[PDB]
Amino acid sequence: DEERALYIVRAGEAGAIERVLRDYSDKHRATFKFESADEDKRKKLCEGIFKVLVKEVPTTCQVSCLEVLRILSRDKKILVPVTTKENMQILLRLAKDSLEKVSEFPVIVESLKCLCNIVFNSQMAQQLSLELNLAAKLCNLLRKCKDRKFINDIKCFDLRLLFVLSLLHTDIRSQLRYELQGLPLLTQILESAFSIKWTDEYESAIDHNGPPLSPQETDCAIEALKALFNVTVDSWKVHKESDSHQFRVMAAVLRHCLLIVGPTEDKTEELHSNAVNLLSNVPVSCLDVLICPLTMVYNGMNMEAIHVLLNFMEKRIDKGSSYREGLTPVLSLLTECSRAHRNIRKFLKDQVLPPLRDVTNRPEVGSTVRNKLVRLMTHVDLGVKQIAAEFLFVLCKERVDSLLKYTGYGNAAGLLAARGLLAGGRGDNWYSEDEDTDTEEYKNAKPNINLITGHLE
Amino acid sequence: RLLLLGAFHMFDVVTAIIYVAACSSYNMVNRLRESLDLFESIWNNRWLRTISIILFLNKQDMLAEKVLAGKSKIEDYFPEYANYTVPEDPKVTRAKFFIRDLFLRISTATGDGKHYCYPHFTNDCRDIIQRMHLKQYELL
């Protein structure tokens, strides 16, 4: 198969290549496992392709060659003899500096896809990326697309390449955050996808009857959120006073993201999951903009975003698969928000643990959110069984007496033993003065109560 | 008060019993059989027919290392490990579930509705998310 293709490529006829390579790409489109009997021939074909892109050829021939090379580059072994500086310069030249021409967009898209594959698969390409300064050129290309139209695919694959480079290398990650202005530019991209019109300094105008998003805007937003997560991984280590204004705009943009829906019910979950993942890196002191509006309503504030987060967690608990990678980020974010603020903690306490009225049932049996969170407290995994206990422990002002009422000593024994207090005590933090919140029926039934089990015999 | 018999006033020797037994002693010779016998003796007594039991299973990391090493196998000491219905490395979760079930099957048999048993095993978010990002990447 590859022998005839290589011969006709070496022949040099322009028309014949555009048909032979297209047929080859059509036959092999969904193959990912390769056998070792066809290696050498394939390798030769690869080199032949790179020998024809140097000369001037029509655009369709370039597109076909790039499509074939994308398919060949999936296998890791072939790239070793064909990863050289001269070869990479051709791909960079094809990808890039005037965007006036309109028929050359597919060439750019295909070259970017090939670069993604090559950089992920091989190892020397990551070392050459530093030498060739790929990141700065990518950022310049991103800035060149501020106002133009028909630019969604180029932006999406540019962001994908930036995400891969940031993920696989640390020097490039450090170059983006502290130099090159990574945080503003990417933020602006998000602000352009959602079409945000600011009403106040950190507030946005939201309409309930707004039209749903589009698939391409969803993909651009997802890629931008992933890249922004990789840029700001080490942000919480050291925080200055000159960075607050930059993080508050990001928090406001994410709050506007949490209040819209995607095209289908499956993309919305991915969008909200990526937003929740990014929100775990912002410093805690800049998260108050989540309840920024002053008009669910609590104490004359707007609390729709916290309700959305709570519904997200409740729906994620229902399916019983992969609790480690599905419940840790959102629970950690909710605990961190509740520790430092006052309105959020009180709203969540009134929503999750209402005053007690049912005493003839055990805490574990039931279908309310309190029952699910109590059931999660005895789990084989350690991370889940610790974070689910800490979330409920925060809402009760870190008092043992208020925790044992709702859950029981049996379910809370693990958390009590971990923190070094197995008797009556309090946490390190002090929140405010204790008050009375007891329902009347409970006051009748308290003398005859079971502390270990948590219900009335 | 609560009694600590491992191998609010807390005392070491009543409303509840706290019992702790190391879960990585199956290879050592065995001790896990002695622990199960003692647990079945305490649970089925008649003087204590309304008191619940809180069970702690510690030393998990040592068991993980021992089962990953492969020098000693479970089935050489616990022949019932074979023909066990399916529920990190896949050879650790099965061992942990089997160890927990050995204790759980003793309790479910008798005393239903008069007392209960609570078993407990005794930044990560960024590492979890980074690993998930690496594994899920799909080639174009």
# chains A, B, ... in the order shown; residues from 1 in each chain; ligands from 1

$ interface_residues --of "chain B" --to "chain A" --cutoff "10 Å" --atoms "only C-alpha atoms" --output "PyMOL selection string"
chain B and resi 8-10+15-16+18+51-56+93+96-97+100+114-122+124-126+128-134+137-140

$ write_last_selection --atoms "C-alpha atoms" --output "JSON list (two decimals), in the first residue's frame"
[["chain", "number", "residue", "atom", "x", "y", "z"],
["B", 8, "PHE", "CA", -17.51, 11.63, 77.74],
["B", 9, "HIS", "CA", -15.02, 9.54, 79.71],
["B", 10, "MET", "CA", -12.68, 7.18, 77.85],
["B", 15, "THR", "CA", -22.54, 2.71, 76.15],
["B", 16, "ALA", "CA", -20.26, 1.71, 73.27],
["B", 18, "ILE", "CA", -14.22, 0.73, 70.50],
["B", 51, "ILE", "CA", -24.52, -2.01, 72.90],
["B", 52, "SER", "CA", -23.12, -1.06, 69.49],
["B", 53, "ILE", "CA", -19.55, -1.66, 68.30],
["B", 54, "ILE", "CA", -17.21, 0.79, 66.55],
["B", 55, "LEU", "CA", -14.48, -1.03, 64.61],
["B", 56, "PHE", "CA", -11.20, 0.53, 63.47],
["B", 93, "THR", "CA", -9.09, -3.02, 46.76],
["B", 96, "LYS", "CA", -9.47, -4.55, 51.63],
["B", 97, "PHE", "CA", -13.04, -5.51, 50.74],
["B", 100, "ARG", "CA", -13.90, -5.88, 55.79],
["B", 114, "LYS", "CA", -31.03, -4.44, 68.67],
["B", 115, "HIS", "CA", -27.47, -3.22, 67.99],
["B", 116, "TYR", "CA", -25.25, -2.13, 65.11],
["B", 117, "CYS", "CA", -21.64, -2.10, 63.89],
["B", 118, "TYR", "CA", -19.72, 0.88, 62.46],
["B", 119, "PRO", "CA", -16.51, 0.04, 60.53],
["B", 120, "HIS", "CA", -13.93, 2.75, 59.81],
["B", 121, "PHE", "CA", -10.58, 2.57, 58.01],
["B", 122, "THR", "CA", -7.82, 4.56, 59.70],
["B", 124, "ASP", "CA", -4.56, 16.21, 46.99],
["B", 125, "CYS", "CA", -7.09, 18.01, 44.79],
["B", 126, "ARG", "CA", -4.49, 19.52, 42.45],
["B", 128, "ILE", "CA", -5.97, 14.41, 41.35],
["B", 129, "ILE", "CA", -6.95, 16.94, 38.70],
["B", 130, "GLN", "CA", -3.53, 16.86, 37.01],
["B", 131, "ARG", "CA", -3.56, 13.05, 36.82],
["B", 132, "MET", "CA", -7.10, 13.08, 35.45],
["B", 133, "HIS", "CA", -6.01, 15.59, 32.80],
["B", 134, "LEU", "CA", -3.09, 13.38, 31.76],
["B", 137, "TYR", "CA", -6.18, 13.14, 26.78],
["B", 138, "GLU", "CA", -7.28, 11.82, 23.38],
["B", 139, "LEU", "CA", -5.07, 11.97, 20.30],
["B", 140, "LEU", "CA", -6.50, 13.80, 17.29]]

$ select_by_dssp --residues "region 103-277 of chain A" --states "helix (DSSP H, G or I)" --output "count of residues only"
117

$ residues_around --residues "residue 393 (chain A)" --least-positions-apart "2" --cutoff "10 Å" --atoms "only C-alpha atoms" --output "JSON, numbers by chain"
{"A": [335, 387, 388, 389, 390, 391, 395, 396, 397, 398, 399, 400, 402, 403, 404, 412, 415, 427]}

$ write_last_selection --atoms "N, CA, C and O atoms" --output "short mmCIF file (atom, residue, chain, number, x, y, z; two decimals), in the first residue's frame"
data_model
loop_
_atom_site.label_atom_id
_atom_site.label_comp_id
_atom_site.auth_asym_id
_atom_site.auth_seq_id
_atom_site.Cartn_x
_atom_site.Cartn_y
_atom_site.Cartn_z
N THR A 335 -16.35 23.94 51.20
CA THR A 335 -15.80 24.12 52.53
C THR A 335 -14.95 25.38 52.63
O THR A 335 -15.03 26.12 53.62
N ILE A 387 -13.44 14.42 53.68
CA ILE A 387 -13.98 15.70 53.23
C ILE A 387 -15.48 15.78 53.49
O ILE A 387 -16.00 16.85 53.84
N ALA A 388 -16.21 14.67 53.34
CA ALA A 388 -17.65 14.71 53.59
C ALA A 388 -17.96 14.96 55.06
O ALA A 388 -19.01 15.53 55.37
N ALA A 389 -17.10 14.51 55.97
CA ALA A 389 -17.29 14.82 57.38
C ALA A 389 -16.92 16.26 57.69
O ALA A 389 -17.61 16.93 58.47
N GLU A 390 -15.83 16.76 57.10
CA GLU A 390 -15.42 18.13 57.38
C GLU A 390 -16.44 19.15 56.88
O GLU A 390 -16.64 20.19 57.51
N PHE A 391 -17.09 18.87 55.75
CA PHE A 391 -18.10 19.81 55.24
C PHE A 391 -19.22 20.00 56.25
O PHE A 391 -19.64 21.13 56.52
N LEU A 395 -20.30 23.59 59.05
CA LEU A 395 -21.60 24.26 59.14
C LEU A 395 -22.09 24.37 60.58
O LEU A 395 -22.86 25.27 60.90
N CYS A 396 -21.67 23.45 61.45
CA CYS A 396 -22.10 23.43 62.84
C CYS A 396 -21.17 24.23 63.75
O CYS A 396 -21.12 23.95 64.95
N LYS A 397 -20.43 25.19 63.20
CA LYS A 397 -19.53 26.06 63.95
C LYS A 397 -18.46 25.29 64.71
O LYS A 397 -17.94 25.78 65.71
N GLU A 398 -18.10 24.10 64.23
CA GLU A 398 -17.04 23.29 64.83
C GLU A 398 -17.31 22.99 66.31
O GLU A 398 -16.41 23.05 67.14
N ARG A 399 -18.56 22.68 66.63
CA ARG A 399 -18.94 22.23 67.97
C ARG A 399 -19.36 20.78 67.90
O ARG A 399 -20.16 20.40 67.04
N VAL A 400 -18.83 19.96 68.81
CA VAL A 400 -19.15 18.54 68.79
C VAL A 400 -20.62 18.31 69.13
O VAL A 400 -21.28 17.45 68.55
N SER A 402 -23.30 20.01 68.56
CA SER A 402 -24.23 20.23 67.46
C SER A 402 -24.04 19.23 66.34
O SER A 402 -24.97 19.00 65.56
N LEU A 403 -22.85 18.64 66.21
CA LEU A 403 -22.64 17.61 65.19
C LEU A 403 -23.29 16.30 65.61
O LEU A 403 -23.93 15.63 64.79
N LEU A 404 -23.14 15.91 66.88
CA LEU A 404 -23.70 14.64 67.34
C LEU A 404 -25.22 14.64 67.29
O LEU A 404 -25.83 13.56 67.29
N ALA A 412 -19.60 9.71 63.31
CA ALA A 412 -18.60 10.75 63.47
C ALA A 412 -17.36 10.29 64.23
O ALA A 412 -16.47 11.11 64.48
N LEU A 415 -13.95 10.92 62.19
CA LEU A 415 -13.52 12.31 62.17
C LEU A 415 -13.07 12.77 63.55
O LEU A 415 -12.08 13.50 63.67
N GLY A 427 -13.64 23.41 67.92
CA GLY A 427 -12.57 23.60 66.97
C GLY A 427 -11.74 24.83 67.29
O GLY A 427 -12.03 25.62 68.18
#

$ residues_around --residues "residue 107 (chain B)" --least-positions-apart "2" --cutoff "10 Å" --atoms "only C-alpha atoms" --output "tab-separated table (two decimals) with N, CA and C atoms, in the first residue's frame"
chain	number	residue	atom	x	y	z
B	39	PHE	N	-13.72	-11.15	68.18
B	39	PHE	CA	-14.84	-10.30	67.78
B	39	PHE	C	-16.16	-11.06	67.84
B	40	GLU	N	-16.17	-12.30	67.33
B	40	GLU	CA	-17.39	-13.09	67.38
B	40	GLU	C	-17.76	-13.47	68.80
B	43	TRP	N	-19.31	-10.01	70.25
B	43	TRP	CA	-20.56	-9.58	69.61
B	43	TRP	C	-21.75	-10.42	70.05
B	44	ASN	N	-21.56	-11.72	70.20
B	44	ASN	CA	-22.67	-12.64	70.49
B	44	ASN	C	-22.92	-12.81	71.98
B	53	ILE	N	-20.99	-1.46	68.40
B	53	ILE	CA	-19.55	-1.66	68.30
B	53	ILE	C	-19.00	-0.76	67.20
B	101	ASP	N	-15.27	-7.64	54.80
B	101	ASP	CA	-16.40	-8.56	54.77
B	101	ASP	C	-16.24	-9.69	55.77
B	102	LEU	N	-15.00	-10.10	56.06
B	102	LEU	CA	-14.79	-11.12	57.08
B	102	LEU	C	-15.41	-10.71	58.41
B	103	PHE	N	-15.26	-9.44	58.78
B	103	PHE	CA	-15.86	-8.95	60.01
B	103	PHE	C	-17.36	-8.71	59.85
B	104	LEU	N	-17.78	-8.24	58.67
B	104	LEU	CA	-19.19	-7.86	58.50
B	104	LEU	C	-20.11	-9.07	58.51
B	105	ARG	N	-19.66	-10.21	57.97
B	105	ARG	CA	-20.54	-11.37	57.88
B	105	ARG	C	-20.86	-11.93	59.26
B	109	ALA	N	-25.43	-11.84	60.90
B	109	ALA	CA	-26.16	-13.07	61.21
B	109	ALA	C	-27.16	-12.96	62.35
B	110	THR	N	-26.75	-12.43	63.49
B	110	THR	CA	-27.63	-12.38	64.65
B	110	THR	C	-27.65	-11.03	65.33
B	111	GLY	N	-28.69	-10.75	66.10
B	111	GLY	CA	-28.79	-9.48	66.79
B	111	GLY	C	-29.37	-8.35	65.98
B	112	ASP	N	-29.95	-8.67	64.82
B	112	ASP	CA	-30.53	-7.65	63.94
B	112	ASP	C	-31.60	-6.78	64.58
B	115	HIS	N	-28.79	-3.85	67.89
B	115	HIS	CA	-27.47	-3.22	67.99
B	115	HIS	C	-26.84	-3.17	66.62
B	116	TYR	N	-25.83	-2.32	66.43
B	116	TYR	CA	-25.25	-2.13	65.11
B	116	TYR	C	-23.73	-2.06	65.19
B	117	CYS	N	-23.09	-2.13	64.02
B	117	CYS	CA	-21.64	-2.10	63.89
B	117	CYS	C	-21.22	-1.01	62.91

$ residues_around --residues "residue 86 (chain A)" --least-positions-apart "5" --cutoff "12 Å" --atoms "only C-alpha atoms" --output "mmCIF file with C-alpha atoms, in the first residue's frame"
data_model
loop_
_atom_site.group_PDB
_atom_site.id
_atom_site.type_symbol
_atom_site.label_atom_id
_atom_site.label_comp_id
_atom_site.auth_asym_id
_atom_site.auth_seq_id
_atom_site.Cartn_x
_atom_site.Cartn_y
_atom_site.Cartn_z
ATOM 1 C CA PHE A 50 8.245 16.374 4.267
ATOM 2 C CA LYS A 51 10.183 16.521 1.004
ATOM 3 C CA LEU A 53 6.055 20.670 1.335
ATOM 4 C CA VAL A 54 9.208 22.701 0.625
ATOM 5 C CA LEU A 91 5.251 23.382 10.137
ATOM 6 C CA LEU A 92 5.655 26.697 11.968
ATOM 7 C CA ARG A 93 5.908 28.554 8.651
ATOM 8 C CA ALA A 125 9.934 18.390 20.206
ATOM 9 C CA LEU A 128 12.905 22.327 20.559
ATOM 10 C CA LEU A 132 11.982 28.112 18.681
#

$ residues_around --residues "residue 44 (chain A)" --least-positions-apart "2" --cutoff "12 Å" --atoms "only C-alpha atoms" --output "MDAnalysis selection string"
chainID A and resid 2:7 9:10 38:42 46:51 72 78:79 81:82

$ closest_residue --among "A:195, A:27, A:13, A:161" --to "residue 210 (chain A)" --atoms "only C-alpha atoms"
A:195

$ atom_distance --atom1 "CA of residue 68 (chain B)" --atom2 "CA of residue 94 (chain B)"
12.3 Å
